[PDB]
Amino acid sequence: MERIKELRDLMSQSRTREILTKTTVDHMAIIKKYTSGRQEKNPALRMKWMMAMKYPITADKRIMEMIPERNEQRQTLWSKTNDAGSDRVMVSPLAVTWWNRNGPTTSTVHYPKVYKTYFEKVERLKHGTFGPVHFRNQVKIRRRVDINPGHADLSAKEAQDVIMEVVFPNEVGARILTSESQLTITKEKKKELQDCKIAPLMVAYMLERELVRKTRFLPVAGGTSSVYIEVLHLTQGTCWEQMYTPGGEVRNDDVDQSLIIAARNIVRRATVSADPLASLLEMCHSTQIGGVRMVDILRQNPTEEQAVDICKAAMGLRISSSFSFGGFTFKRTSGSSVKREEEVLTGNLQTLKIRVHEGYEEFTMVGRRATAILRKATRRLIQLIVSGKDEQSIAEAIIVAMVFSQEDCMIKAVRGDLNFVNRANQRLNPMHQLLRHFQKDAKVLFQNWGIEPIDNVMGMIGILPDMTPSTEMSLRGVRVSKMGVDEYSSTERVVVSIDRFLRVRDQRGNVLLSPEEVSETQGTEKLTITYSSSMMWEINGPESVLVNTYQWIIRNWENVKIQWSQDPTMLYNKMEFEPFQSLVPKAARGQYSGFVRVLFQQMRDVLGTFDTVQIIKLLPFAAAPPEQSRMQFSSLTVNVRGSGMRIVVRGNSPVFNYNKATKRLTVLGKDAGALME
Amino acid sequence: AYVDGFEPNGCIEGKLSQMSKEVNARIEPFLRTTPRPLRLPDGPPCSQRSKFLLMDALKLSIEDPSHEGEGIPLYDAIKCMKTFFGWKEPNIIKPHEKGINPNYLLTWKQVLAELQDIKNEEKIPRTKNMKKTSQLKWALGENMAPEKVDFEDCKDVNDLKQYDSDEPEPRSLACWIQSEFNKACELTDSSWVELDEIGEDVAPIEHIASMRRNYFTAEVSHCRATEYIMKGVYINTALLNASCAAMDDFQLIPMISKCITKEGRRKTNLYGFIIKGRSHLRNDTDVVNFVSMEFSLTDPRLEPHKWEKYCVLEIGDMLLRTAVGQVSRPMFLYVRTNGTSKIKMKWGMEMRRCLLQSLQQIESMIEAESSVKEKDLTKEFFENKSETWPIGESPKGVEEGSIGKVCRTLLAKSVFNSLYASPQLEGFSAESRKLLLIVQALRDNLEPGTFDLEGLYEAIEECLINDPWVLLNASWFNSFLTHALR
Amino acid sequence: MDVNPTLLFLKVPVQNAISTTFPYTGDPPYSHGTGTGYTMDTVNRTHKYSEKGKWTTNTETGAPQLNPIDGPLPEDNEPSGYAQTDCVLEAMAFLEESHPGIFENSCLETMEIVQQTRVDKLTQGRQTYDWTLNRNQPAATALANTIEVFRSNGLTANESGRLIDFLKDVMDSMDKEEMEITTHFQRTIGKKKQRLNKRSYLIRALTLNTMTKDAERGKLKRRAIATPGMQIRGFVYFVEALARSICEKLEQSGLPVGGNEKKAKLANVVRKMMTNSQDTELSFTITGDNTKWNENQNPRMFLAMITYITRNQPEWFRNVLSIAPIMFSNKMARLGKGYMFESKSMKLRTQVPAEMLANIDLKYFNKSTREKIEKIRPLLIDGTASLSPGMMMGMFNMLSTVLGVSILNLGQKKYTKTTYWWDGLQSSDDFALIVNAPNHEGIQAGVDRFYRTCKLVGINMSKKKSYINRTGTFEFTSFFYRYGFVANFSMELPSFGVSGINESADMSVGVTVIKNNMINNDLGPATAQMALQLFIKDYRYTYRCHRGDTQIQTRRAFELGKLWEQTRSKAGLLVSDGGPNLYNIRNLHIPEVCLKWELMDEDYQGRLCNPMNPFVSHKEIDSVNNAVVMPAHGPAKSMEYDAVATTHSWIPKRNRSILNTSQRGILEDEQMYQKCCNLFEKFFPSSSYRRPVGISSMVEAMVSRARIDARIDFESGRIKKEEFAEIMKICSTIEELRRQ
Amino acid sequence: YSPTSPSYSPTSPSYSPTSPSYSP
RNA sequence: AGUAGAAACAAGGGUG
RNA sequence: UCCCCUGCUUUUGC
C-alpha cells in the first residue's frame, strides 16, 4: 500500500517522472551511485575534525518523530537541516546514546543465529584449554591457509545461488538447486531464519561469510587449520609457542592426518636412534597432537597406517589385521602357506636368500588408489585382477602383485647395479628393495615377464608391456576391470611382538611390518603437533637443524663441558646430536666422527690446548661410530638442500662463523647466541 | 603484418654490439676508506621551532585529586596562578627583532586582566573569549591576507609578481638540540601517563605479557619524552577542538598536564597560555595562528640565537627551595606567535603511538635474545642491567646503556620525529637508509658495491637545509660512520 | 653523555633495527598550492629525455608529437626514451618461448572476460577526469554525465549495458563532426548548450587532469600525478585485465601478488639462486631502483607488445586491446590550476588560470618558472600541453611489470650463452636482481649485460640509489631480507589509530589491526596489550565515550552517565556507550558486540541491536563491513572488518561547500535519483544484493511487479478486497501517468 | 619495579629547574 | 609578524 | 557595516 502511494507521489513531479521513464533498469547501477561526494581522503582527520561539530552524524528523517528534539538537560539531539545530497537529517552523537537508553526495545533472538560465525568464534574460544608456554626458536613458513572454520565448500556462484534461494526466493530466477547439500542447507537456513527483522542484505552478507571458503597467505609455524589459524596471534610468536586446543571437538579426519604425519616423523627419526624402541617410546610419551598427548590418541584412535601401527605395537596395543606391503594391504581370503628360505641368483649375478610362501593362496589388496585380487601359487602367480584408478596406479599394483608372486622370472630380470645393503651397511629387505628398483623402471621387467592372449570374459581389458589396454593380448595372468572397492573391510585385530629394531613379527614368527615401509611423504600437520623434546625440530629445515643444535650446545655449555671432560661417551650418544648426523654424508660419517674424537683425545692429553670454539664446532660430528683412519680432514661437509656446505676444522667458515669482537656465533647468517671465554 | 611475421633474429645482440661502451654499470667497490662524512650546511645557527618549550618549560603545580581531563581547565589555571606569589611588573628582556614587542607586553597584561575578570565572576565557563584588542589583532595576524581580486583588475600593477618560491634559507647546526635530546632522554621522578584497563589475563602467555607490560610501563612512564607526548597531545586536542567549535573569536587556552609524583600524590601543572586566532580552516594545510606564552626559568641571554622568534619578559621572581637552602631566581615568560594546520594538529593528537614504536623495537630485542636461551629475559634484561648497548658518546669513548636507557632513547627519538616533522626529515631518512644498509653490508664483509656513490651523497645532502632535528640526525650519522669503520 | 640512537647500530644489525629509521610518527609532507609547476617540469623532462626523436604534427589534434622509438642508441648513462622495437619484440618472443602458451591462454581468458564485462564496472573508480564539466568527478558521476551527453548526441549504442558497447559508442562519438554539451551558469540557475567542433572534443577526450601528490613519505620534493577521462578508462580496463592474466602465470612477476606471498616468492628465488649453486659459483644481489619509470615508457612500445601478444587472435579483440596504447600516445595534459600573483605594495592577490599561460607576459614569473613556460610554450594547444612520450599516469603498471619480467627472463643461461646468468623479481618499477657467475669479472659482466639490455628496451637503472652485495641480504619495496624477512613495524604505525568510519567500525578495525600486526609484523604480546590500551584511550577521546564512572566533562557526558546509572550489568556496555574494555590478546578476533553479548541487559541489548533504528543505512553489498584504508606506501586498499550492525554504525555528514558554487544543481539531481532508487528497493528487495539486468524502463518493471505481488497477496488471503482494489486503481493511475 | 639510571646524579641537578618547589 | 617551503595560508563567496 | 552560505569540492591517479 505504502509503496504504490510513494510511486504515485513520485510520478506527481515532472523531473522525477522523466527520470523514472527514461532510465533503464540496467542503467540503475550508474545513477544509483551518482553522487557529488568525493571519496574520503583523510578519514581519521575528517572524523577528528567533525566530532567537534554539533551535528556530525546523519540519520533517517524518521528520527524526527522517534526521539525528542531536546534532552532533559535542554540538549538538542537532532537538527532540521538536511544532509547534503539526500533527505537524511543531521544529528548529534548524543541522539545515538539517547536511543541506547530510551529507544524502543525489540526482541533479539535471531542475532545469534544470523551472526553465527562470530558467536561460533566466541563459543570456541570460551571452551578452549591452554597449556604451557614454550620459549624456543620459531620457524614460520609463509603459506596459503584457509581462514573459515565454517564453510560448506561453496564458491562465489554457488554461495550466491544458495543465499538468493534462502533470502530472496522470489528473485532467484531460472536456477534450480540439484545437489542434496544445497537443499539441506537452504531448508536449514529457511527454518532458522524464519521471521527475521534484520535487514536482508546483512543476512545475505553473513551467509556469504559463513558458506564461502576464504584463503590468505600467512606466516604459520604450527597446525594449518581453519580453527588454528583463527587464533594464530595467540598461539605462535617470534620466540614463544602457546599450547592451545580450541573447544570445537577437533575433526576426526584432522586428528587422523596429524597422527599419521607425527607417526611418520617419529618413526623416521627413531630409525636412526641407537635404540629405536627406547627413543620411540620416549618421544611418543613427550609429543602432543592438537593439545592431546600422543599416547592417549594411540590408545583411543582406530586408525590404519604403517607408522601408527608400528607405534601401537611398540606401546603394546592391538595391531591391524591383514599384511601391509609396498603400501598396499593384503587380506588373505583363503589358502595357506609356509615360509621357506631359498637361495637364488639375481639378474645382476647376485646370490641371495629369499623367503618364499608355499602353496596356493588368494588375497585381496586394498590401496589408496587401487584395489585388486591376486591368486597365486609357490613362485607362480595364477591370476591377478586389478582395478587401479589411473595408469600409474595400475602400474604400481601390477608390479607389486608380480613382485609378491616371487617369480624367478622377476629375479632374473634384474639389470644394472642394485644394492641390497644400505649406504651404512644396514641390511634391507630384498622384497622391498626389489619393489623400489622395479618402481624406478619396469620396462625391462615387463619385457622379461611374458605374453598371454585373453579370452575377453566379462569385458575385462588386457594390458601391454608398453602399458596400453590391449583387448586381444595381455600380460601373463593380468586383467583390468576397474571395480570400486574390495570385498570387505578387515578389522580382526591381532597381537604381535616388536623387535629391538622396530621389526613387527606375527605370533607364529612371520614379519608383518618393518621400518622400510614408512612413506616418505613430508606433509604439513593440520593440528598443532607439539614435538616437545630436548631437540626434535626435524620438521624444520636443515639450516634450522644446524642453528638449533649449535644454540643448544651454547645453552648447556656447562654440563656439556663437564661431560666432555669426564665422560665424553655419554655426551656423544646424546639424542640431541642425531638430527645433525642425519645431514652429514653417511659414507664419510664415521670417517669424520672418529677423526674428531682423535683431536679431542689429544686435546685431553695436552693441558692448556683448550680451544672452546673448536669443541663447539666439532662436537656434533662425533655422534657416529668411530671409524679409524689416518686421513687429515681440513673441512667436513654437511648436506643442506642437497648442497654440500663445508665447515673448516681450522679457521672461519660460512656455515659456522664466530666473531671474537662481538663474542657472538652466527651460523648460515643466523645468530646462535653469545659465547663466553 | 610486420609483427605477425616477426621472428627473433639476433636483434638484441646486434644492438648491444652497436651500442657504445660508455653505457655501462661499473661497480665501484665500497671499502672502509670510501665513505666520507656528510657535508652539513653553513649559515646562522638554527633556532627553536617547536610549538612549545621542552627543556626550558616551567610549570606551576597544585595537588588536585582529579584524573586526566576531569577538571575545568580555566579553574586549574587560576588555582595554579594563585599558588604563586611574587609577581612583578612585566618588562622586556630579550625582544623579538622583527616584531612589535610592546604588543606582546600588552598581550600578557590583557591575559592577566582577563584572568582576574573571570576570577571575580564566581562562575567558570568551559571556554573564555578574549577581547579583540589591537595587540591581539596584530599578534594573531588579523587582516593580513591580501585582498583577492580578478587578474584583469590588477594586471597593470607594477610590482604584481608570482609568489615567493625560493629555497629555504640555510642554517647551521646549534648545540642546543643535543642538549634538548639529552634532557628528553632522562628519567623523571613522577609518572606522566596512566593507561586504561584491559581484560583479565586468562592464558599463561597473557600473564607473561602483563608482567613484561608492567616492566615497560614503569620504564616509560618516568621519561621526560612521555611528558612531552602528553603536553603535545593535550595542546593539539584543545587547539583543534577550539578551532572547529569557535572559529571567529580569540579563545584563551591554558596549557595543563596531570601527573603523579613518586609519593603517589596527584598534581595538575600549568605551563602557560595559548590564544588562538581566527581558525576558518578549509584546506588541510590552512594555517591558524596563535600566541603562546610559557613560563620558564631559563635566561634567554645565554643562547639568544635559540630564541630568534621569541620575545622574553620578566614577570616575577621565585624563591626556589633547594637542599641546602632557598635561592631567588627570576621567572621569565617566553611569548611568541606560532601557527598550525589541521594536518599538523591531527598528527599532534596521535603522539602517543610514538611509545609503541620504541616499545616494539625493545620487545623484539628481548625476544631475539630469549629465543636462544629458552626463558623470558626481560626481568634479567633490566633488573640486573647485565646487557648494554652502545647508545651514547662521551669524551672517553662510546657509552653503553641498559635496555631501559635504550627504550627511553628510542621513545625520545620518536617524540622528536613527531615534534619536528618536515619534508627534510623524510627525505634525509629515506636517503640515509641506503647508506646505512651499505655500511651494514660492509660490516658483514659482503663485498658491497655502488654504481654512483657521489649521487647518493648529493641526494642525502640536499635534504639538510635548516631543520635543527635533521641536522642533528646528520651529525649522529657522521659520528656513527666514524665509529662504525674504525 | 651525548645520546646517539644511531650508535645502536654498532651492536644491533641495521636490518634488525630498521624501524628506528622510519620517522612515520610525524605528519607527512603536503602540497600547499598549485601543481602547475610540477606538471610543466614533468612535461619538460619527458620531452628532454627523448629529444633526439622524430617531431611530427598530429593531423587530427594538430599538436606536436615526439617519437623516440628506434631512435639513436644512448651514448651516456643519462635517462633515455629510445626503445628499440626489434629488441622489445625479441624479448616478448623469448618470454613466450620460456613459457609456451602463456600469451595464448592469457588472451583466451581476456576474450572471455571482455564479452561479459558490464559498463557499470567503470563505476568502481576514484576521481576520474570529466570532460563534460572539465573537472575531476567521482567515477560514477563522470560515467553518468558521459552517458547522458552521448544519449543527447544521438549515440545510444550503450543501451545494452556491455562495456564493449560503450567503447563502440566512444569511438562513434570521436567520429562525430560536432558535440553538444550542457553547462550550468548562475547569475539563479541557468542552463546553456555549448557546441564543440571535432578538434576541441577530440582534445578533450584525450585530455588528462594533473594534480600534485600529497602525503608521500620519503621524498623531499613533491611530484605530479595524472588522472584520465572516462573515454580511455574502458580500454585501459581490458588492457589491465590482459596484463594481469599474463602476470598471474609468471613466477618472476611481483603482481598482482601483495604482502606475504611477495616475500615468499623473494625467499624462494633467493634460495634457488644460492643453495643450488655450488660454492665455486659467486652470487651477488642488486637492490636497484628504476629512475623516471613513467617518463621513459612509450605508449608505442606497449602497442607493439600488445600486438605481439595478441597474435593469431580475432581482429576485434586485437583492435579493442590495442586502442588504449593508441589513445595514450596522443595524450594531452592539463596544466593544473595555474598560478597566484601577489602585490605587496598594493596588498593584493589574484589567481591566473593555467589556460592563460600560452600568451601571458613573462615579467611576472621568476627565473625558473619563466624558463619552464618558455620551454613548454610550443606544446600548448587549447590550454593543454601535448605529451606524446612517457606514461605520466602510469596506468599500465602491469604491462610495465611484464616488460621487466621479460628482461629478467632474458637472463637464463640459454639466453646469455655464457657462464654468468641472472634471475630475480620485478614489481612495477622496483626490482631485485641476483647474478651468478664463476668470478667477480663474470658478475660485473652480467650486471653490465643486464644494464645495457634494460637501457636498450627503455628501462634505466638508477645508479645513484642502487647497490650490489653478496646475496645474503637485500631490500625490496621496504621489505628487508637479512637471511630471512625481518619485519619492520614502523610502516604500519599510521594504521594504528581511530580510522574514522564510525564507532563500531573503528573499534573493529583497531582490534583487527593489532591482531594482524601481531601475526605479520612481529608485534610482541606486551606491546600488543599496550597498543590496545592506547587505542582504547584514543578512541574514547575521539568519540567522547569515556566510562560513565569518570567525571570527564563533554557534550555526551550527561547521556553516558544516565545510561551508566540505568544499566545493572555495567560490564556489558559497549565502549562506545562508556563500558569497560574487556579486550585482551586471547579475544582480539571476536567483535565487541559478540565479545560481551551475554553480559548485556535485555533492554540494552534490544535497544542497541534494533534493526528499526534510524542511524543504520546499508548500501550495496560490496560496501558492507568493508572500508577503504590508505597505507603509508602504495594505493588505497580495502580492509574487511568484523562488526555487528548496531546504532553505532552511523554515517558522518557530507561536505556542503558545493552549495556555494554553480554545480549546486547536481546535488538536487542526486537527491532525486536516490528517491527513485530507494523506491526500487521497496519494490525489488534483491536489487542491492545483485545488480538487476533489463532493457525495460523502471516504471514498466515496477508496475508489473506491483500487479503480480498484489494478486499473489490477495490470493493468499492476507489482504482484504478493498486494499487490493485500491492498489489496483493506483496501479492503473501510475500506468496512465507513465504515458504523459 | 623502580627505574634507575647510573647517570642520575643526586647532587648536581639542584632544585629541578623544570619542576621546582617554590611553595612558601 | 607568524606558519611554511619550489606555493600557499594569514578566511572565501552572496545579498541588502 | 549588519545579515545569509561555506571549512576536503576548480586540486588527490594507478
# chains A, B, ... in the order shown; residues from 1 in each chain; ligands from 1
>>> select_by_dssp(residues="segment 449-553 of chain A", states="strand (DSSP E or B)", output="number ranges by chain")
A: 452-453, 461, 473-474, 478-480, 494, 497-498, 504-505, 511-513, 529-530
>>> interface_residues(of="chain A", to="chain B", cutoff="9 Å", atoms="only C-alpha atoms", output="ChimeraX atom specification")
/A:44-45,48-54,129-138,234-235,238-242,548,551-552,554-555,671-673
>>> residues_around(residues="segment 294-308 of chain C", least_positions_apart="5", cutoff="6 Å", atoms="only C-alpha atoms (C1' of nucleotides)", output="PyMOL selection string")
chain C and resi 46+81+322+325+328-329+389-392+394
>>> write_last_selection(atoms="N, CA, C and O atoms", output="short mmCIF file (atom, residue, chain, number, x, y, z; two decimals), in the first residue's frame")
data_model
loop_
_atom_site.label_atom_id
_atom_site.label_comp_id
_atom_site.auth_asym_id
_atom_site.auth_seq_id
_atom_site.Cartn_x
_atom_site.Cartn_y
_atom_site.Cartn_z
N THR C 46 60.10 14.93 -19.65
CA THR C 46 59.71 13.86 -20.56
C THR C 46 60.16 14.15 -21.97
O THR C 46 60.66 13.26 -22.68
N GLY C 81 64.70 7.54 -23.65
CA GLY C 81 63.40 7.01 -24.01
C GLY C 81 63.42 6.31 -25.36
O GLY C 81 62.37 6.04 -25.94
N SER C 322 44.41 -3.01 -28.50
CA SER C 322 45.46 -2.11 -28.95
C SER C 322 45.03 -0.65 -29.00
O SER C 322 45.88 0.22 -29.21
N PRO C 325 46.78 1.84 -26.00
CA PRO C 325 48.08 2.48 -26.29
C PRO C 325 47.97 3.59 -27.32
O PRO C 325 48.69 4.59 -27.22
N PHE C 328 46.73 6.61 -25.53
CA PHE C 328 47.77 7.16 -24.66
C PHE C 328 48.86 7.87 -25.46
O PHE C 328 49.46 8.82 -24.96
N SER C 329 49.13 7.41 -26.68
CA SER C 329 50.18 8.04 -27.48
C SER C 329 49.83 9.49 -27.79
O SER C 329 50.69 10.38 -27.73
N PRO C 389 55.41 11.24 -25.56
CA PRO C 389 56.20 10.22 -24.86
C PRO C 389 55.79 10.10 -23.40
O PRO C 389 55.07 10.93 -22.84
N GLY C 390 56.26 9.02 -22.78
CA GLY C 390 56.08 8.81 -21.36
C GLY C 390 54.72 8.23 -21.01
O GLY C 390 53.81 8.12 -21.83
N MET C 391 54.60 7.85 -19.74
CA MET C 391 53.39 7.27 -19.17
C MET C 391 53.06 7.95 -17.84
O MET C 391 52.93 7.31 -16.80
N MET C 392 52.95 9.28 -17.88
CA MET C 392 52.80 10.07 -16.67
C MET C 392 51.80 9.45 -15.70
O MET C 392 52.08 9.31 -14.50
N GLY C 394 50.79 6.38 -15.52
CA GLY C 394 51.24 5.08 -15.05
C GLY C 394 50.11 4.09 -14.84
O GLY C 394 50.16 3.28 -13.90
#
>>> closest_atom_pairs(of="chain E", to="chain B", cutoff="8 Å", atoms="only C-alpha atoms (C1' of nucleotides)", output="JSON lines")
{"residue": "E:1", "atom": "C1'", "partner": "B:99", "partner_atom": "CA", "distance": 5.7}
{"residue": "E:2", "atom": "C1'", "partner": "B:338", "partner_atom": "CA", "distance": 5.5}
{"residue": "E:3", "atom": "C1'", "partner": "B:339", "partner_atom": "CA", "distance": 4.5}
{"residue": "E:5", "atom": "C1'", "partner": "B:168", "partner_atom": "CA", "distance": 6.2}
{"residue": "E:6", "atom": "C1'", "partner": "B:165", "partner_atom": "CA", "distance": 4.8}
{"residue": "E:7", "atom": "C1'", "partner": "B:165", "partner_atom": "CA", "distance": 6.1}
{"residue": "E:9", "atom": "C1'", "partner": "B:286", "partner_atom": "CA", "distance": 5.2}
{"residue": "E:10", "atom": "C1'", "partner": "B:145", "partner_atom": "CA", "distance": 5.1}
{"residue": "E:11", "atom": "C1'", "partner": "B:280", "partner_atom": "CA", "distance": 5.5}
>>> residues_around(residues="segment 8-20 of chain D", least_positions_apart="6", cutoff="6 Å", atoms="only C-alpha atoms (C1' of nucleotides)", output="list in words")
residues 57, 58 and 322 of chain B
>>> write_last_selection(atoms="N, CA, C and O atoms", output="PDB file, in the first residue's frame")
ATOM      1  N   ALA B  57      60.843  24.713  29.844  1.00  0.00           N
ATOM      2  CA  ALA B  57      59.499  24.925  30.355  1.00  0.00           C
ATOM      3  C   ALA B  57      59.488  24.884  31.878  1.00  0.00           C
ATOM      4  O   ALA B  57      60.274  24.177  32.512  1.00  0.00           O
ATOM      5  N   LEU B  58      58.586  25.667  32.461  1.00  0.00           N
ATOM      6  CA  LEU B  58      58.361  25.690  33.897  1.00  0.00           C
ATOM      7  C   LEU B  58      56.865  25.584  34.134  1.00  0.00           C
ATOM      8  O   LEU B  58      56.071  26.111  33.351  1.00  0.00           O
ATOM      9  N   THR B 322      65.953  24.749  47.753  1.00  0.00           N
ATOM     10  CA  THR B 322      66.885  23.695  47.395  1.00  0.00           C
ATOM     11  C   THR B 322      67.226  22.871  48.635  1.00  0.00           C
ATOM     12  O   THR B 322      66.707  23.100  49.730  1.00  0.00           O
TER      13      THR B 322
END
